[PDB]
Amino acid sequence: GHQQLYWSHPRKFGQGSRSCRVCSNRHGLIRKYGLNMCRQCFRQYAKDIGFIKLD
Amino acid sequence: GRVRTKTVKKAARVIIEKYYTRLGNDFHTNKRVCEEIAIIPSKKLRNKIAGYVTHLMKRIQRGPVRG
Amino acid sequence: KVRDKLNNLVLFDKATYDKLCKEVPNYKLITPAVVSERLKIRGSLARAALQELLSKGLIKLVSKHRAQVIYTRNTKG
Amino acid sequence: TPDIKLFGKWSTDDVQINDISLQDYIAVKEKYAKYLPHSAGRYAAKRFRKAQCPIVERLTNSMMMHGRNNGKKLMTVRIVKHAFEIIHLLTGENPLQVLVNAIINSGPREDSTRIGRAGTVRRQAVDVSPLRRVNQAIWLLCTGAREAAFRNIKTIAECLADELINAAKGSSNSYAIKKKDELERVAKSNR
Amino acid sequence: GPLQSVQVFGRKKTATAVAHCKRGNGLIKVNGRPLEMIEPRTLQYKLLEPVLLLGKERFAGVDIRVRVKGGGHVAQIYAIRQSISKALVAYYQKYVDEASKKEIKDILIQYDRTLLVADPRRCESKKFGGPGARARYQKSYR
Amino acid sequence: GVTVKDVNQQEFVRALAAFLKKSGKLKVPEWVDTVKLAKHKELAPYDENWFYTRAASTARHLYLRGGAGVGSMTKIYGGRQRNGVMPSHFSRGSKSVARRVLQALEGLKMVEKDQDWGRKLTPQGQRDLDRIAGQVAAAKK
Amino acid sequence: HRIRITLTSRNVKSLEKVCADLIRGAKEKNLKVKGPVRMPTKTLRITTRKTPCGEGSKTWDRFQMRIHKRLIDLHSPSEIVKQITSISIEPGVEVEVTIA
Amino acid sequence: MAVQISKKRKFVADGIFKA
Amino acid sequence: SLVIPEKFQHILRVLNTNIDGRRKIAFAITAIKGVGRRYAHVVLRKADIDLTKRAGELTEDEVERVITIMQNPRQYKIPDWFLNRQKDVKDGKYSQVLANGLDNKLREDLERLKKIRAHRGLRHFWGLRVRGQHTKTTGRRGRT
Amino acid sequence: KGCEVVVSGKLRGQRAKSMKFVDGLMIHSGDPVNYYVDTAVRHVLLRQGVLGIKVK
RNA sequence: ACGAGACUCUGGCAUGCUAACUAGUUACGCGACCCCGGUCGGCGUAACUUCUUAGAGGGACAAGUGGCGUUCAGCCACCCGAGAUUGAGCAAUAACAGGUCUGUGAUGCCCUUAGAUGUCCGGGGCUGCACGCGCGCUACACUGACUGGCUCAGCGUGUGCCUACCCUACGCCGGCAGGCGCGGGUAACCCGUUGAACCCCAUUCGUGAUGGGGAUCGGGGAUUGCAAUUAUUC
């Protein structure tokens, strides 16, 4: 029954069901506007997306 | 405090030296003159240069200046 | 440093009613707080008594507010 | 048809400022007379612009303190209005004349400042400014009325009214007169 | 014939009150109701202050309809009382000779400046590390 | 010429409540005695005839802005929810009280149904508000 | 026909240049054209901590992304609209045409 | 197209694609 | 009227507890344990007594009327969700309980929990916080 | 107009160091640092560790 | 030469310019109510940008006046004026054994690698309690608590990639927490004219650990989720 008990735990929700699209770390996710990155990868890749600091 | 830096003073000094006859004591007239005879990227720098040109004109009208 | 624990009565007895009827219309400034302080009565009782004398015509109303009401005496002449 | 500016229902003329050193720090006569003690403001921007503010507006501004009353200007306005009505109904006098006399008699004229290092106790008596006299008078009257109206059945609109009545005579039953005389005695003790 | 109409606004913080002065008998209404039925009633003198300052004879040839939207309560009252004065000044200044505008404007400025000039005071932006614009959180040592 | 807007609404709501009480055709519900008007309230209303005042205020709000439904009526009569230790917030009122007030005003010939949502006023209802406003203005003058 | 052309971009200067080019083409083609209606801009604010760890003073970053949107109406058949939109387009400006 | 996501998400997805 | 009436009782002995007559009748019976501020309004609304009257000047007929209303809630059109003890674990009926009965019911409920040896009964027997909150910092005055 | 090169890492030893080669003209502050200088950061994988490159 | 300044964003104004049925104003007609006029965010179409929205430009520079100053750099006050010091962003050389190997398919060396320190499932712990400390929330009341009425905003966000999970008007049922049918919005179009709170008006309360304060504790009823006991939330 290893084929049925390999992934039997539900992952429809929670922070383990989400992941970064760059480094796949489940901490500090940016779910606003569907970036779905961590904050460090967002600061690394923020300039070429279009986000700039003016305020 | 309102102290002009060296860029404003050098620009106003070479404006007084190089274009002198087409000037005056009016701030707006030599403001437009400094607008057309030079290239200033901003507007606050233009107004500060024009104000120092007006002050230098008022100083030249009383006597010579060693710059 | 005297405590003097307060006991403000809720309903008027025989004597406090007629001392009120002989002293309150002879007061320059009439307020429920000051008549409750002077006669050692409860605040709602003071408001009820001043409303009763306002209906009786012995009390002249000046200003009415949700925080306080101000009353004054009538002229002697 | 503004003949005179009635302060709600009170005249702004025929009032006397007895102290000659406070003639231009009490703005009540013929220039700074408004219908209400609420204005837009812009008095705390410059260095001496607060002296031209009217004294009843300054009283309403300094009335609201102690956390739970900050910003509530309208409530202080109606408490000051009811206090003025009670003062006129009690003494039979103009409420502005009682307030002006309460400013003059409750203002200290000599103060002792602390000198020396941090920890020692030593005072030196100096005289005070006419503006600071007005500020100390307003602050003392306001905090005296506030302390008098606490955990008591007596409302603050008549506690402030009895505050200005006792201060105008110098009867020493008010907090402001007592603190003024305390400051004068401490200043006079070591001149 | 020709129709006389001016339309002047007024602001204090964010509230905008726009008046409308045209010909007619003397009546002043803001948001469809007169000046007496505007809450709070403790600023009714602030509402009626330019009318009491200029008299009812100057307002008898006009009628005033103010629409107001935005802001709070006190800012709305100040915007209305600025806009009424500005609309009357503009109506007099446009159609009547401006000498009469000068004896309106001099006494209006001589009483209080905010009847015709707006107050340029806006809210300061909040900064991080503190609960408000300038205040900071409590610092702990050791 | 008098409307409801050039007169104080505070005495106007009370006079309209007295008029609907004198009419006696409002069909007052059964659980009026044991009800809390909102979840952020603590005690019952002090007066036993608050339903007439609530119906009068609902009719006045429908006159000032039509098309208001049950959820728009719930947002108007909201208040501050003191949660004790927790910081306070804003909470809406009770929906069934608003539905019973609006259904009473529908059963009376005063309030009809606005198109595609909400409720509005019958011209007979606007007549009743104008006559009550005229009576209030005549009493106040 | 009621033809609506929507332009949404991030830069403002290239957007104004291509809007000027389109309104100049509409003016030189001599047809009824509505003016450039300027919708209110939208800002995308993401506020995040600067440090990757949890050490240092609590400093924060403020990122923004301004979005400008215009719409200009025309009264013409469709082929004129396509031949006037497929001329000298800018890379940073999106063009999007529908008919009601 | 039936999905046609919002104007914010369009520029977001375009920036993610370029990055 | 405003003058105090004859035989104004100063105290009351409703359910063997002292109840003063100076407090409001909507709030003097709040001092009875098991009846609070909200419960006192419904009892005085089903019964025809105005809530603007005092406590020590009401008469024995309406006193015994509201007393029988308090011991018998449900038979006077009081809804079942207004009760402090709904669906009891022993007899299974809706019954509002009063002071000494409330103490007895709480005591036997804690005794039942200790007898069945649940976690809630064990924490109640130990004398700690049972609702599941942090006890690292708060709750310092439990012992010395 | 001018450039600087920064190379940081374990440069010939156990303890890391950094060498900076500045000559010419290099602005640092304000809006014109955005569109006058060009900044690139790269990492070098050698046999002893990681070496960084900062060029402007 | 760098740093400062200079630069960028935002706020404060222009009845002048450019255009708005996804924003309005003013006239006109229809419609409803009152006693000849007033009200309508009720309905519709003849101009316009006064409100709103956002583009180019303008405006402030110590410019004018009077004093102080080598009469130089500058300072003070005043008049006209929406402003005569708006708030932030960026931010030099040299270093700290500062924090991060637990952000990374960034990584040297060392350890382990099939009875695993990889991975997966089930249960538990991260909350546990004689005590100490820090950032905080609510209060100690009558400038107040409760109960009704009246009335006023701006930043935002919103149907998702493997990804399932959006914001809600309206109608019915129930005190309430909530449940069921119907429609809208991929958005200045719909929630929404965001009927927000503090305030304002009017009752009840009366200095009492009290109608202040709501800790602790018992019973019942709903929603999320595969699962709530160590009480998820209400």
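Note that the numbers count up from 1, one per residue, in the order the chain is shown.
So this one's electron microscopy, 3.5 Å, going by the header.
Cβ atoms are placed via backbone N, Cα and C, with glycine included.
Summarising the annotation, Swiss-Prot assigns SUMO2 cross-link to D:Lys34. Here Swiss-Prot flags D:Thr1 as phosphothreonine, drawing on similarity to another entry. Under the heading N6-acetyllysine, Swiss-Prot lists D:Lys34, citing similarity to another entry as support. Residues or ranges marked as phosphoserine in Swiss-Prot (evidence: similarity to another entry): D:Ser129.
The residue listed as 'SUMO2 cross-link' is 14 Å away from D:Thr1 (phosphothreonine) when you measure Cα to Cα.
Sequence-distant neighbours of D:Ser129 (phosphoserine): no residue of the same chain at least 6 apart has a C-beta under 8 Å from its C-beta.
For the residue listed as 'SUMO2 cross-link', the number of other Cβ atoms no farther than 10 Å from its own Cβ, over all displayed protein chains, is 18. According to its DSSP assignment, D:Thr1 (phosphothreonine) is coil. There are 8 other CB atoms within 10 A of the CB of the residue listed as 'phosphothreonine', with all protein chains counted. Under the DSSP three-state reduction, D:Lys34 (SUMO2 cross-link) is assigned to coil, being neither helix nor strand.
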